[PDB]
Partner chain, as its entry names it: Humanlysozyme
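Shown below, as structure tokens, is a lone chain in the form deposited without the partner chain; questions about how it binds or moves come after it.
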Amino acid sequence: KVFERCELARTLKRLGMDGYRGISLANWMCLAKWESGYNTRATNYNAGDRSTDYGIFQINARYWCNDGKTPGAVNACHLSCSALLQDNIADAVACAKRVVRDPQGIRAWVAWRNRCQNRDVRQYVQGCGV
């Protein structure tokens, strides 16, 4: 499922993402935008280390979910990576919350640093009623 911007903004707010571990809703929106373009079925194989990124937040199978094929991987979110490809983003969100509970926080995703950090990210939530 490819979410429309404001539809996603409202969904994330309802799932309690706004301000989670100090991360504003607009940062989560900027992250989803650059990681997958708000697409829940997006998957990306990283040939260099044999890991795959899954879903809307492109969560890495090496640490967060289990797909069985990633070498020396853990499943910190205790989910099958398949769960991160559903239209219903409840599991992807619960797992993203787990990722930011780590010391790096939102910085865990390099795309956030490159395209969201220290930028005016208001645009992602403007007009969405959140």
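Residue numbers count along the first chain shown, from 1.
Mean C-alpha B-factor is higher over 101 to 109 than over the other stretch, the pair under comparison being 33 to 41 and 101 to 109. Between 119 to 127 and 4 to 12, the higher mean Cα B-factor belongs to 119 to 127. Among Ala96, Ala47, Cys65, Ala26, the highest C-alpha B-factor recorded in the PDB entry belongs to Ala47. Among the modelled residues of the chain, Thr70 sits in the highest third by CA temperature factor in this PDB entry.
When the modelled residues of the chain are ordered by their C-alpha B factor, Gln58 lands in the lowest third. Ranked against the other modelled residues of its chain, the C-alpha B-factor of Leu79 as given in the entry falls in the highest third.
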